[PDB]
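Participant: Please read through the structure below; I'll follow up with questions.
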Amino acid sequence: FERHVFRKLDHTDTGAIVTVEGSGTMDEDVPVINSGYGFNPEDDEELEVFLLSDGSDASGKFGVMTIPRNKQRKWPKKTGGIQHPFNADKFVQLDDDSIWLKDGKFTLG
Amino acid sequence: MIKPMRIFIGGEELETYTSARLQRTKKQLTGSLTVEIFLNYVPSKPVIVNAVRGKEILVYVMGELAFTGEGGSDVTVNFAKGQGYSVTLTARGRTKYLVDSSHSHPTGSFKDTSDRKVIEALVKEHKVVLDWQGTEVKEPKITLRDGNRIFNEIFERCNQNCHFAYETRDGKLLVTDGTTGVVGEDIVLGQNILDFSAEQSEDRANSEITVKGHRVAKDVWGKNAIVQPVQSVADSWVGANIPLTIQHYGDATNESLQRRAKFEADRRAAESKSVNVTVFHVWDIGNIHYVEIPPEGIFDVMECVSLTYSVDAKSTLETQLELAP
Amino acid sequence: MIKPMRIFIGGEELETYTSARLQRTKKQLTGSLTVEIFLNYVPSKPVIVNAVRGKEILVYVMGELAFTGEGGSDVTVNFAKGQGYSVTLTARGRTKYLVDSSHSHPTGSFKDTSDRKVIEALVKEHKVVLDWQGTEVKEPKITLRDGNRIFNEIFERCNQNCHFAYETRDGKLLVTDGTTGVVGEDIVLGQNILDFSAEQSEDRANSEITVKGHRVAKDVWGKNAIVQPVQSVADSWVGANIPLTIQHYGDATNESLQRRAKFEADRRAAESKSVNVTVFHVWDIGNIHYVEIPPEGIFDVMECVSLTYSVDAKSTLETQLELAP
Amino acid sequence: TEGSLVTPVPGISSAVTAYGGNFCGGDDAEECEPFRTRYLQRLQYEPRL
């Protein structure tokens, strides 16, 4: 387990390739895990990318991208959902009252 | 008699080496040396102390170079209430800074290159001339661990390519995948041997070795990257079932699996036929010799793996070898 | 003569210690001791057996306290068909249980405290009085590893703040950042020395040491807690390039980075100038002495790092030192 | 004109500014040849020193 900071993200056929500092860890890192949620942050934006090494082999390091810490929504109690990875007020919420969405414009299709 | 061994430090000859010992092993990254010197002291009068903790050292055996520091990397001055007062020295190969210096690589992770182009950019921070004679290997990913010593990474990366990494006598660094081919002497029993001790231990042999490891190529995954890259190599000399399995540390490639597998086989096979010999009077390691010991029936070509010259004040000249096929 | 060494065990003097040996080392956490005792046995007659597995042991050297166990940590009864039948004993410092007990901390993770207030809550489970004289340090986060020994954690935490952790001669635990300042004797060659052995090894020195480590403060992240905290410290006594790099185990702070760097520098520097001396007839470690060995040219102040008293049935008294500048 | 702290401390603004001016005055050491001409100029004869 190790900690580094994001600079650059590029797309390829079998996932996303990132360069995440911690010295020149790699120009083209091994693809990143998605698990359902993914995003494409702009170049050199505040956020952190943990790297997990396949076994103890330094040749494999899967990243785990995280939302910027200045922009994490302080959810209310007994609530959860997903949010815009660069703003805390454009999100989707599934509560005990109703499926709540928040945004200044809606589109479909 | 014409001095069969002469020692030089910084260009001023050592005329009082009361003892000596020089070792050169193929299974490491640096040779060594050790010289015992007689030192004097007279009270209430001036003395001159060199105490140079570092300078070049050379050893010439019978008018031929046999070692190259750098030198004087350790100095100790024993002393006794009785017998006498003396000094000791030590030295190692020119690469003795790699074995004790953590790498300071400019970035810390190669993008895409070959092993040779990596060994050049790691060692050339200390001005040590490489001597490459192997086969170049191209790999997609190399990232040297952070802070790992130089003698760890070179040894680690050269283990999976069956590259021996050992030092020459001139001060370079030699990476080879075989023998130097310099034919030596026919060490025949009853002619020049003084002692010997052969051996054959079954506790260090394996008939079947298996290697596994995932893949890291630019775009590979799934079955082709996890369950596919498996390869097995067998010795067939041991007539018993002693299975072994190994894990690969790198970007697995079917060619590389066997190369790592063969490297283990050579190491195990050599370790199961170690021999020692003493040949009295005082060229190089890796040579090819012939041996004869009918009592154990040695009638096979041999190749040396280690060398040692030792001397004593009481005239005990000797020389030891560690053969293995 | 007036007994220059007396020993007590629970208040009954040992009048039959056929041999003795005491040690006190600054580079550890507990002293030691060893006593050999003559024992008898008459067949078909009663014998009184003590076999004390635990009790206090005290050693006084020339009417002065020199150790405070707690004692009888070991009991072995040697025996021979020939020479004789005897017993042996051993002892260690009062903190012996810290050296061999896993911590039982109330919770297992401090919220926000200082190192002193942590060492008090670790040691005081076994009632061992602390002797603190170093500077206090504030640590935002501490969490003792679950089940780790007391010796490991104190040594680990005190390494990054240049705290020496060693015992006194009374039964306490002394944490200090320097010498006790007690000026000793001027050990001069030809006056009281009996033997010596100096040394200077280059294989344990580094001209430039580098450290790395993230921050763990309440709210620190990004470039200010990942890449920013790096600091370099250099010795400048070695005239060669032997780079080293270290990783920090804790909450990195620019002040703490250098303190860890200095601790390594003092350790490496001392290890590269180890000395030994024997001074015949039989105050404390860490003292300040003057030395004079013109043959090698020692004219520098020294701080003793270890001490040893040894006796024998054949009158052979001695004492050893492990000085270092 | 604008900078920022490298070692955050609680209760202190995350950004700081310099005065209307700026930092300057730093300079490198003096070599041998520039020193020689300066010393000679002092020893020589010149009107209106």
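We label chains A, B, ... in the order they appear in the structure tokens, count residues from 1 in each chain, and number ligands from 1 in the order shown.
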When the cut-off is 6 Å and we count only C-alpha atoms, which residues of chain A are near chain B, given as a PyMOL selection string?
Facilitator: chain A and resi 23-26+57+59
Participant: Tell me as a PDB file with N, CA and C atoms, in the first residue's frame which residues belonging to chain B come within 12 Å of chain C, counting only C-alpha atoms.
Facilitator:
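selection-v5.pdb written:
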```pdb
ATOM      1  N   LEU B  39      53.852  -2.928  12.416  1.00  0.00           N
ATOM      2  CA  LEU B  39      54.021  -1.523  12.750  1.00  0.00           C
ATOM      3  C   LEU B  39      54.818  -1.405  14.040  1.00  0.00           C
ATOM      4  N   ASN B  40      55.601  -0.335  14.141  1.00  0.00           N
ATOM      5  CA  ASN B  40      56.521  -0.136  15.250  1.00  0.00           C
ATOM      6  C   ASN B  40      56.171   1.152  15.981  1.00  0.00           C
ATOM      7  N   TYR B  41      56.647   1.252  17.220  1.00  0.00           N
ATOM      8  CA  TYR B  41      56.504   2.465  18.010  1.00  0.00           C
ATOM      9  C   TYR B  41      57.622   2.513  19.039  1.00  0.00           C
ATOM     10  N   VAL B  42      58.190   3.704  19.228  1.00  0.00           N
ATOM     11  CA  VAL B  42      59.246   3.930  20.203  1.00  0.00           C
ATOM     12  C   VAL B  42      58.848   5.128  21.056  1.00  0.00           C
ATOM     13  N   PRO B  43      58.815   5.007  22.382  1.00  0.00           N
ATOM     14  CA  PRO B  43      58.276   6.094  23.205  1.00  0.00           C
ATOM     15  C   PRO B  43      59.152   7.336  23.182  1.00  0.00           C
ATOM     16  N   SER B  44      58.509   8.481  23.416  1.00  0.00           N
ATOM     17  CA  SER B  44      59.199   9.760  23.577  1.00  0.00           C
ATOM     18  C   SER B  44      59.974  10.157  22.325  1.00  0.00           C
ATOM     19  N   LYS B  45      59.532   9.695  21.162  1.00  0.00           N
ATOM     20  CA  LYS B  45      60.166  10.053  19.903  1.00  0.00           C
ATOM     21  C   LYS B  45      59.090  10.148  18.834  1.00  0.00           C
ATOM     22  N   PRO B  46      59.345  10.885  17.754  1.00  0.00           N
ATOM     23  CA  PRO B  46      58.300  11.099  16.747  1.00  0.00           C
ATOM     24  C   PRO B  46      57.924   9.815  16.026  1.00  0.00           C
ATOM     25  N   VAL B  47      56.666   9.760  15.586  1.00  0.00           N
ATOM     26  CA  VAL B  47      56.165   8.674  14.756  1.00  0.00           C
ATOM     27  C   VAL B  47      55.380   9.277  13.599  1.00  0.00           C
ATOM     28  N   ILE B  48      55.272   8.503  12.522  1.00  0.00           N
ATOM     29  CA  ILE B  48      54.558   8.911  11.319  1.00  0.00           C
ATOM     30  C   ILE B  48      53.422   7.925  11.083  1.00  0.00           C
ATOM     31  N   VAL B  49      52.205   8.448  10.954  1.00  0.00           N
ATOM     32  CA  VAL B  49      51.001   7.637  10.813  1.00  0.00           C
ATOM     33  C   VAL B  49      50.351   7.972   9.479  1.00  0.00           C
ATOM     34  N   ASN B  50      50.141   6.949   8.650  1.00  0.00           N
ATOM     35  CA  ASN B  50      49.414   7.137   7.399  1.00  0.00           C
ATOM     36  C   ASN B  50      47.907   7.080   7.632  1.00  0.00           C
ATOM     37  N   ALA B  51      47.412   5.935   8.102  1.00  0.00           N
ATOM     38  CA  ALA B  51      46.005   5.779   8.468  1.00  0.00           C
ATOM     39  C   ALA B  51      45.083   6.244   7.345  1.00  0.00           C
ATOM     40  N   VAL B  52      45.417   5.865   6.115  1.00  0.00           N
ATOM     41  CA  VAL B  52      44.647   6.278   4.946  1.00  0.00           C
ATOM     42  C   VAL B  52      43.449   5.343   4.811  1.00  0.00           C
ATOM     43  N   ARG B  53      42.258   5.852   5.126  1.00  0.00           N
ATOM     44  CA  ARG B  53      41.025   5.076   4.990  1.00  0.00           C
ATOM     45  C   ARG B  53      40.438   5.253   3.588  1.00  0.00           C
ATOM     46  N   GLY B  54      41.216   4.811   2.605  1.00  0.00           N
ATOM     47  CA  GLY B  54      40.784   4.802   1.222  1.00  0.00           C
ATOM     48  C   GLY B  54      41.875   5.227   0.263  1.00  0.00           C
ATOM     49  N   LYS B  55      42.186   4.349  -0.686  1.00  0.00           N
ATOM     50  CA  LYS B  55      43.152   4.595  -1.749  1.00  0.00           C
ATOM     51  C   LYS B  55      43.186   3.333  -2.604  1.00  0.00           C
ATOM     52  N   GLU B  70      38.121   1.879  -3.036  1.00  0.00           N
ATOM     53  CA  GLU B  70      38.779   0.824  -3.797  1.00  0.00           C
ATOM     54  C   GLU B  70      39.642  -0.039  -2.887  1.00  0.00           C
ATOM     55  N   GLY B  71      40.640   0.589  -2.261  1.00  0.00           N
ATOM     56  CA  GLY B  71      41.506  -0.095  -1.331  1.00  0.00           C
ATOM     57  C   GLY B  71      41.565   0.652  -0.010  1.00  0.00           C
ATOM     58  N   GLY B  72      42.041  -0.051   1.009  1.00  0.00           N
ATOM     59  CA  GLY B  72      42.073   0.542   2.338  1.00  0.00           C
ATOM     60  C   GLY B  72      40.707   0.981   2.811  1.00  0.00           C
ATOM     61  N   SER B  73      39.676   0.187   2.518  1.00  0.00           N
ATOM     62  CA  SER B  73      38.325   0.517   2.948  1.00  0.00           C
ATOM     63  C   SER B  73      38.093   0.223   4.423  1.00  0.00           C
ATOM     64  N   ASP B  74      39.038  -0.431   5.093  1.00  0.00           N
ATOM     65  CA  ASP B  74      38.929  -0.698   6.518  1.00  0.00           C
ATOM     66  C   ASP B  74      40.329  -0.797   7.098  1.00  0.00           C
ATOM     67  N   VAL B  75      40.537  -0.155   8.244  1.00  0.00           N
ATOM     68  CA  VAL B  75      41.823  -0.173   8.928  1.00  0.00           C
ATOM     69  C   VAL B  75      41.578  -0.458  10.402  1.00  0.00           C
ATOM     70  N   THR B  76      42.280  -1.455  10.934  1.00  0.00           N
ATOM     71  CA  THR B  76      42.246  -1.765  12.353  1.00  0.00           C
ATOM     72  C   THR B  76      43.667  -2.031  12.818  1.00  0.00           C
ATOM     73  N   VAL B  77      43.947  -1.664  14.064  1.00  0.00           N
ATOM     74  CA  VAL B  77      45.293  -1.754  14.630  1.00  0.00           C
ATOM     75  C   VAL B  77      45.182  -2.570  15.915  1.00  0.00           C
ATOM     76  N   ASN B  78      45.439  -3.870  15.814  1.00  0.00           N
ATOM     77  CA  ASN B  78      45.449  -4.718  16.992  1.00  0.00           C
ATOM     78  C   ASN B  78      46.627  -4.338  17.884  1.00  0.00           C
ATOM     79  N   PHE B  79      46.691  -4.959  19.057  1.00  0.00           N
ATOM     80  CA  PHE B  79      47.777  -4.690  19.988  1.00  0.00           C
ATOM     81  C   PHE B  79      47.720  -5.696  21.128  1.00  0.00           C
ATOM     82  N   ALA B  80      48.859  -5.995  21.748  1.00  0.00           N
ATOM     83  CA  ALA B  80      48.903  -7.012  22.787  1.00  0.00           C
ATOM     84  C   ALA B  80      49.919  -6.644  23.858  1.00  0.00           C
ATOM     85  N   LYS B  81      49.615  -7.055  25.090  1.00  0.00           N
ATOM     86  CA  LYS B  81      50.572  -6.955  26.187  1.00  0.00           C
ATOM     87  C   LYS B  81      51.802  -7.819  25.939  1.00  0.00           C
ATOM     88  N   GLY B  82      51.649  -8.886  25.158  1.00  0.00           N
ATOM     89  CA  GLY B  82      52.704  -9.854  24.938  1.00  0.00           C
ATOM     90  C   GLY B  82      53.255  -9.865  23.526  1.00  0.00           C
ATOM     91  N   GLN B  83      52.742 -10.791  22.713  1.00  0.00           N
ATOM     92  CA  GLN B  83      53.337 -11.147  21.429  1.00  0.00           C
ATOM     93  C   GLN B  83      53.856  -9.946  20.644  1.00  0.00           C
ATOM     94  N   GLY B  84      52.980  -9.023  20.267  1.00  0.00           N
ATOM     95  CA  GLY B  84      53.439  -7.909  19.458  1.00  0.00           C
ATOM     96  C   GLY B  84      52.314  -6.970  19.084  1.00  0.00           C
ATOM     97  N   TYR B  85      52.695  -5.938  18.333  1.00  0.00           N
ATOM     98  CA  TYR B  85      51.805  -4.871  17.896  1.00  0.00           C
ATOM     99  C   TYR B  85      51.811  -4.831  16.375  1.00  0.00           C
ATOM    100  N   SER B  86      50.626  -4.865  15.768  1.00  0.00           N
ATOM    101  CA  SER B  86      50.521  -4.974  14.321  1.00  0.00           C
ATOM    102  C   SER B  86      49.305  -4.195  13.837  1.00  0.00           C
ATOM    103  N   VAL B  87      49.116  -4.196  12.515  1.00  0.00           N
ATOM    104  CA  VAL B  87      48.014  -3.513  11.856  1.00  0.00           C
ATOM    105  C   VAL B  87      47.416  -4.454  10.820  1.00  0.00           C
ATOM    106  N   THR B  88      46.174  -4.172  10.435  1.00  0.00           N
ATOM    107  CA  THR B  88      45.476  -4.944   9.420  1.00  0.00           C
ATOM    108  C   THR B  88      44.800  -3.997   8.440  1.00  0.00           C
ATOM    109  N   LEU B  89      44.598  -4.479   7.217  1.00  0.00           N
ATOM    110  CA  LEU B  89      43.954  -3.715   6.159  1.00  0.00           C
ATOM    111  C   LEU B  89      42.937  -4.603   5.453  1.00  0.00           C
ATOM    112  N   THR B  90      42.179  -4.002   4.541  1.00  0.00           N
ATOM    113  CA  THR B  90      41.173  -4.733   3.784  1.00  0.00           C
ATOM    114  C   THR B  90      40.859  -3.943   2.523  1.00  0.00           C
ATOM    115  N   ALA B  91      40.290  -4.632   1.540  1.00  0.00           N
ATOM    116  CA  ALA B  91      39.937  -3.992   0.283  1.00  0.00           C
ATOM    117  C   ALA B  91      38.857  -4.809  -0.406  1.00  0.00           C
ATOM    118  N   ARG B  92      38.192  -4.173  -1.368  1.00  0.00           N
ATOM    119  CA  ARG B  92      37.168  -4.822  -2.170  1.00  0.00           C
ATOM    120  C   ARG B  92      37.213  -4.221  -3.568  1.00  0.00           C
ATOM    121  N   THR B  95      33.605  -1.808  -7.466  1.00  0.00           N
ATOM    122  CA  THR B  95      32.162  -1.725  -7.297  1.00  0.00           C
ATOM    123  C   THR B  95      31.735  -1.764  -5.836  1.00  0.00           C
ATOM    124  N   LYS B  96      32.677  -1.684  -4.895  1.00  0.00           N
ATOM    125  CA  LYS B  96      32.336  -1.752  -3.480  1.00  0.00           C
ATOM    126  C   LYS B  96      31.497  -0.571  -3.016  1.00  0.00           C
ATOM    127  N   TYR B  97      31.236   0.409  -3.882  1.00  0.00           N
ATOM    128  CA  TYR B  97      30.285   1.465  -3.564  1.00  0.00           C
ATOM    129  C   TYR B  97      28.864   1.099  -3.968  1.00  0.00           C
ATOM    130  N   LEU B  98      28.698   0.284  -5.013  1.00  0.00           N
ATOM    131  CA  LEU B  98      27.367  -0.210  -5.347  1.00  0.00           C
ATOM    132  C   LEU B  98      26.811  -1.070  -4.221  1.00  0.00           C
ATOM    133  N   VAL B  99      27.650  -1.932  -3.642  1.00  0.00           N
ATOM    134  CA  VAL B  99      27.204  -2.855  -2.606  1.00  0.00           C
ATOM    135  C   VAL B  99      26.865  -2.161  -1.297  1.00  0.00           C
ATOM    136  N   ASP B 100      27.144  -0.861  -1.176  1.00  0.00           N
ATOM    137  CA  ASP B 100      26.900  -0.129   0.060  1.00  0.00           C
ATOM    138  C   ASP B 100      26.203   1.208  -0.170  1.00  0.00           C
ATOM    139  N   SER B 101      25.759   1.494  -1.391  1.00  0.00           N
ATOM    140  CA  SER B 101      25.119   2.762  -1.720  1.00  0.00           C
ATOM    141  C   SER B 101      23.718   2.503  -2.251  1.00  0.00           C
ATOM    142  N   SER B 102      22.736   3.204  -1.691  1.00  0.00           N
ATOM    143  CA  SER B 102      21.373   3.131  -2.190  1.00  0.00           C
ATOM    144  C   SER B 102      21.231   3.989  -3.439  1.00  0.00           C
ATOM    145  N   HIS B 103      20.497   3.475  -4.420  1.00  0.00           N
ATOM    146  CA  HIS B 103      20.421   4.138  -5.712  1.00  0.00           C
ATOM    147  C   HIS B 103      19.734   5.492  -5.583  1.00  0.00           C
ATOM    148  N   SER B 104      20.111   6.407  -6.472  1.00  0.00           N
ATOM    149  CA  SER B 104      19.555   7.753  -6.548  1.00  0.00           C
ATOM    150  C   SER B 104      19.044   8.020  -7.957  1.00  0.00           C
ATOM    151  N   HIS B 105      18.255   7.081  -8.473  1.00  0.00           N
ATOM    152  CA  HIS B 105      17.816   7.136  -9.857  1.00  0.00           C
ATOM    153  C   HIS B 105      17.072   8.444 -10.127  1.00  0.00           C
ATOM    154  N   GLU B 125      26.365   6.482 -12.049  1.00  0.00           N
ATOM    155  CA  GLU B 125      26.430   7.568 -11.083  1.00  0.00           C
ATOM    156  C   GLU B 125      27.703   7.521 -10.250  1.00  0.00           C
ATOM    157  N   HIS B 126      28.466   6.428 -10.331  1.00  0.00           N
ATOM    158  CA  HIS B 126      29.669   6.244  -9.529  1.00  0.00           C
ATOM    159  C   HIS B 126      30.907   5.982 -10.379  1.00  0.00           C
ATOM    160  N   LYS B 127      30.800   6.083 -11.704  1.00  0.00           N
ATOM    161  CA  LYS B 127      31.938   5.919 -12.609  1.00  0.00           C
ATOM    162  C   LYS B 127      32.582   4.539 -12.432  1.00  0.00           C
ATOM    163  N   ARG B 145      12.730  -0.613  -7.048  1.00  0.00           N
ATOM    164  CA  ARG B 145      12.177  -0.301  -5.737  1.00  0.00           C
ATOM    165  C   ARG B 145      12.836   0.949  -5.168  1.00  0.00           C
ATOM    166  N   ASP B 146      12.089   1.664  -4.332  1.00  0.00           N
ATOM    167  CA  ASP B 146      12.572   2.922  -3.781  1.00  0.00           C
ATOM    168  C   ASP B 146      13.574   2.653  -2.666  1.00  0.00           C
ATOM    169  N   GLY B 147      14.814   3.092  -2.868  1.00  0.00           N
ATOM    170  CA  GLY B 147      15.849   2.965  -1.865  1.00  0.00           C
ATOM    171  C   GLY B 147      16.553   1.627  -1.822  1.00  0.00           C
ATOM    172  N   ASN B 148      16.172   0.674  -2.669  1.00  0.00           N
ATOM    173  CA  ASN B 148      16.826  -0.626  -2.663  1.00  0.00           C
ATOM    174  C   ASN B 148      18.270  -0.493  -3.127  1.00  0.00           C
ATOM    175  N   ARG B 149      19.169  -1.190  -2.437  1.00  0.00           N
ATOM    176  CA  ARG B 149      20.585  -1.111  -2.758  1.00  0.00           C
ATOM    177  C   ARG B 149      20.830  -1.510  -4.211  1.00  0.00           C
ATOM    178  N   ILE B 150      22.003  -1.129  -4.717  1.00  0.00           N
ATOM    179  CA  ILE B 150      22.342  -1.419  -6.106  1.00  0.00           C
ATOM    180  C   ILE B 150      22.585  -2.911  -6.296  1.00  0.00           C
TER     181      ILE B 150
END
```
Participant: Skip range 6-19 of chain D itself and residues of its chain fewer than 3 positions away, then list as a compact mmCIF listing (two decimals) with N, CA, C and O atoms, in the first residue's frame all residues within 9 Å of it, counting only C-alpha atoms.
Facilitator:
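The new file out_11.txt reads:
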```txt
# COMPACT_ATOMS: atom_id res chain seq x y z
N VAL C 220 -4.41 17.67 6.76
CA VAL C 220 -3.32 17.92 5.82
C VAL C 220 -3.40 16.85 4.74
O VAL C 220 -3.62 15.67 5.04
N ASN C 224 0.92 19.02 0.20
CA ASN C 224 1.49 19.40 1.48
C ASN C 224 1.68 18.22 2.42
O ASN C 224 2.31 18.38 3.47
N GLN C 228 5.69 17.15 -0.29
CA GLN C 228 6.40 18.23 0.39
C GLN C 228 7.38 17.74 1.44
O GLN C 228 8.53 18.20 1.45
N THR C 253 7.31 15.37 10.19
CA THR C 253 7.40 16.81 10.38
C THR C 253 8.82 17.24 10.05
O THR C 253 9.78 16.52 10.33
N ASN C 254 8.95 18.42 9.43
CA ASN C 254 10.26 18.86 8.97
C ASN C 254 11.29 18.89 10.10
O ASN C 254 12.48 18.68 9.84
N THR D 1 4.22 38.79 -5.80
CA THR D 1 3.45 39.42 -4.74
C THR D 1 2.71 38.41 -3.87
O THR D 1 2.47 38.67 -2.69
N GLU D 2 2.35 37.26 -4.44
CA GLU D 2 1.50 36.28 -3.76
C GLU D 2 2.27 35.00 -3.49
O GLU D 2 3.05 34.54 -4.33
N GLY D 3 2.05 34.43 -2.30
CA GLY D 3 2.67 33.18 -1.93
C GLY D 3 1.76 32.32 -1.08
O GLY D 3 0.55 32.55 -1.04
N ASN D 22 9.45 43.45 -3.20
CA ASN D 22 9.70 42.03 -3.45
C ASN D 22 11.03 41.67 -2.82
O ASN D 22 11.74 42.53 -2.29
N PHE D 23 11.37 40.39 -2.89
CA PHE D 23 12.61 39.88 -2.32
C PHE D 23 13.75 40.04 -3.31
O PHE D 23 13.59 39.77 -4.51
```
Participant: For each of D:36, D:43, D:5, D:21, take the minimum atom-to-atom distance to chain C, counting only C-alpha atoms, then give the residue where this is smallest.
Facilitator: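 Checking each of D:36, D:43, D:5, D:21 against chain C, counting only C-alpha atoms, the winner is D:5.
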Participant: Fewer than 3 positions away in the same chain doesn't count, so skip those; otherwise give me all residues within 9 Å of range 75-90 of chain A, counting only C-alpha atoms, as a PDB file with N, CA, C and O atoms, in the first residue's frame.
Facilitator:
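As a result, result.pdb now contains:
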```pdb
ATOM      1  N   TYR A  37     -17.948   3.282 -10.526  1.00  0.00           N
ATOM      2  CA  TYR A  37     -17.807   4.732 -10.541  1.00  0.00           C
ATOM      3  C   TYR A  37     -16.456   5.119 -11.123  1.00  0.00           C
ATOM      4  O   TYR A  37     -15.420   4.595 -10.701  1.00  0.00           O
ATOM      5  N   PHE A  39     -14.335   8.673 -13.328  1.00  0.00           N
ATOM      6  CA  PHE A  39     -14.370  10.060 -13.770  1.00  0.00           C
ATOM      7  C   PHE A  39     -13.039  10.387 -14.430  1.00  0.00           C
ATOM      8  O   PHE A  39     -12.064   9.640 -14.315  1.00  0.00           O
ATOM      9  N   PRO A  41     -10.784  13.517 -14.312  1.00  0.00           N
ATOM     10  CA  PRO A  41     -10.443  14.851 -13.815  1.00  0.00           C
ATOM     11  C   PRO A  41      -9.450  15.557 -14.723  1.00  0.00           C
ATOM     12  O   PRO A  41      -8.673  14.938 -15.454  1.00  0.00           O
ATOM     13  N   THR A  66      -9.773   8.849  -5.903  1.00  0.00           N
ATOM     14  CA  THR A  66     -10.682   9.374  -4.896  1.00  0.00           C
ATOM     15  C   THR A  66     -11.122  10.778  -5.283  1.00  0.00           C
ATOM     16  O   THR A  66     -10.407  11.502  -5.980  1.00  0.00           O
ATOM     17  N   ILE A  67     -12.312  11.152  -4.823  1.00  0.00           N
ATOM     18  CA  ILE A  67     -12.819  12.500  -5.096  1.00  0.00           C
ATOM     19  C   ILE A  67     -11.923  13.516  -4.399  1.00  0.00           C
ATOM     20  O   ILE A  67     -11.372  13.215  -3.321  1.00  0.00           O
ATOM     21  N   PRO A  68     -11.729  14.716  -4.947  1.00  0.00           N
ATOM     22  CA  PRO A  68     -10.955  15.730  -4.221  1.00  0.00           C
ATOM     23  C   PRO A  68     -11.549  15.989  -2.845  1.00  0.00           C
ATOM     24  O   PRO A  68     -12.769  16.036  -2.672  1.00  0.00           O
ATOM     25  N   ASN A  70     -11.420  18.690  -0.972  1.00  0.00           N
ATOM     26  CA  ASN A  70     -12.123  19.956  -0.801  1.00  0.00           C
ATOM     27  C   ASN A  70     -13.583  19.859  -1.215  1.00  0.00           C
ATOM     28  O   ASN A  70     -14.372  20.747  -0.873  1.00  0.00           O
ATOM     29  N   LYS A  71     -13.957  18.809  -1.937  1.00  0.00           N
ATOM     30  CA  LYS A  71     -15.250  18.713  -2.597  1.00  0.00           C
ATOM     31  C   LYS A  71     -15.955  17.412  -2.237  1.00  0.00           C
ATOM     32  O   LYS A  71     -16.495  16.718  -3.100  1.00  0.00           O
ATOM     33  N   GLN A  72     -15.956  17.063  -0.955  1.00  0.00           N
ATOM     34  CA  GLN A  72     -16.685  15.902  -0.463  1.00  0.00           C
ATOM     35  C   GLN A  72     -17.940  16.380   0.256  1.00  0.00           C
ATOM     36  O   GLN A  72     -17.857  17.163   1.208  1.00  0.00           O
ATOM     37  N   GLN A  93     -29.482  11.340  -4.466  1.00  0.00           N
ATOM     38  CA  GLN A  93     -29.717  10.870  -3.109  1.00  0.00           C
ATOM     39  C   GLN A  93     -30.894   9.908  -3.090  1.00  0.00           C
ATOM     40  O   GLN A  93     -31.917  10.150  -3.738  1.00  0.00           O
ATOM     41  N   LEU A  94     -30.740   8.817  -2.344  1.00  0.00           N
ATOM     42  CA  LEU A  94     -31.793   7.827  -2.143  1.00  0.00           C
ATOM     43  C   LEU A  94     -32.078   7.762  -0.650  1.00  0.00           C
ATOM     44  O   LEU A  94     -31.295   7.185   0.112  1.00  0.00           O
ATOM     45  N   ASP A  95     -33.193   8.353  -0.235  1.00  0.00           N
ATOM     46  CA  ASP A  95     -33.521   8.552   1.171  1.00  0.00           C
ATOM     47  C   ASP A  95     -34.804   7.803   1.517  1.00  0.00           C
ATOM     48  O   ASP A  95     -35.377   7.086   0.695  1.00  0.00           O
ATOM     49  N   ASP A  96     -35.252   7.982   2.761  1.00  0.00           N
ATOM     50  CA  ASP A  96     -36.510   7.412   3.218  1.00  0.00           C
ATOM     51  C   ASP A  96     -37.716   8.248   2.814  1.00  0.00           C
ATOM     52  O   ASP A  96     -38.852   7.798   3.001  1.00  0.00           O
ATOM     53  N   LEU A 101     -32.873  14.108  -6.606  1.00  0.00           N
ATOM     54  CA  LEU A 101     -31.817  14.571  -7.493  1.00  0.00           C
ATOM     55  C   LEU A 101     -31.726  16.086  -7.388  1.00  0.00           C
ATOM     56  O   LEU A 101     -32.731  16.759  -7.146  1.00  0.00           O
ATOM     57  N   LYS A 102     -30.521  16.622  -7.565  1.00  0.00           N
ATOM     58  CA  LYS A 102     -30.285  18.056  -7.442  1.00  0.00           C
ATOM     59  C   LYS A 102     -29.392  18.519  -8.582  1.00  0.00           C
ATOM     60  O   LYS A 102     -28.262  18.041  -8.721  1.00  0.00           O
ATOM     61  N   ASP A 103     -29.900  19.448  -9.390  1.00  0.00           N
ATOM     62  CA  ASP A 103     -29.128  20.062 -10.464  1.00  0.00           C
ATOM     63  C   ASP A 103     -29.950  21.169 -11.112  1.00  0.00           C
ATOM     64  O   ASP A 103     -31.184  21.138 -11.070  1.00  0.00           O
ATOM     65  N   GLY A 104     -29.280  22.148 -11.714  1.00  0.00           N
ATOM     66  CA  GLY A 104     -29.962  23.255 -12.350  1.00  0.00           C
ATOM     67  C   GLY A 104     -30.524  22.964 -13.720  1.00  0.00           C
ATOM     68  O   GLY A 104     -31.165  23.834 -14.314  1.00  0.00           O
TER      69      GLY A 104
END
```
Participant: Near residue 138 in chain B, within 7 Å and counting only C-alpha atoms, which residues show up once chain neighbours fewer than 2 positions away are dropped, as a PyMOL selection string?
Facilitator: chain B and resi 113-115+136+140
Participant: Give me, as a ChimeraX atom specification, the residues of range 148-318 of chain B that a backbone DSSP run labels strand (DSSP E).
Facilitator: /B:164-167,173-176,183-188,195-197,208-212,230-234,244-247,275-278,288-292,301-311,318
